[PDB]
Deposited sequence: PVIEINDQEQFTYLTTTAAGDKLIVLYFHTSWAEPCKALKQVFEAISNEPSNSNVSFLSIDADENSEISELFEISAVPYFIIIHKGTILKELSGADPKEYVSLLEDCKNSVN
C-alpha cells in the first residue's frame, strides 16, 4: 500500500520517528498521464514481497515545502531513502527501470 502525504509533520514522522530501517520510496506526482503511472506505483506497492518497504505518494502541488526540500522540478519523480539519507533518485517515467532499481536497493540494504 501507499500512504498519501498531506502535510509536513506526517512526512517527517514517516521518514524519521516511524521509519525504522525500512527503505522509503517517495513518488512525486501531479493529479493533472501522471494518473496512470500513480496506479502502477500503487500496484507495485501492493506486492506482498514489498510489504517491508514504505511507499509515500506526494502530490507536488499540494505539498510545496516537501517538493522544495527535494528540489523537484519535474514529475513523476522517485526518491529512495534509507537510514536518514537519500540512496537514489530516479527521473520517474519507466516502471521497468523503477522495479529494477527497487529490487537492487532492497537487496543492498538487506
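- According to the record, no C-alpha positions are given for deposited positions 33-34 alone, numbered from 1.
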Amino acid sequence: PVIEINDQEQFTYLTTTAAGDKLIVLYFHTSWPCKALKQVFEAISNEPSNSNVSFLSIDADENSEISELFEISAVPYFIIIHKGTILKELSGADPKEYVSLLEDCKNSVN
From here on, numbers count along this sequence of modelled residues.
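- Two stretches are in play, 33-41 and 76-84, and the higher mean C-alpha B-factor belongs to 33-41.
- Relative to its counterpart among 95-103 and 20-28, 95-103 has the higher mean temperature factor, C-alpha atoms as listed in the PDB entry.
- When the modelled residues of the chain are ordered by their C-alpha B factor, residue 57 lands in the lowest third.
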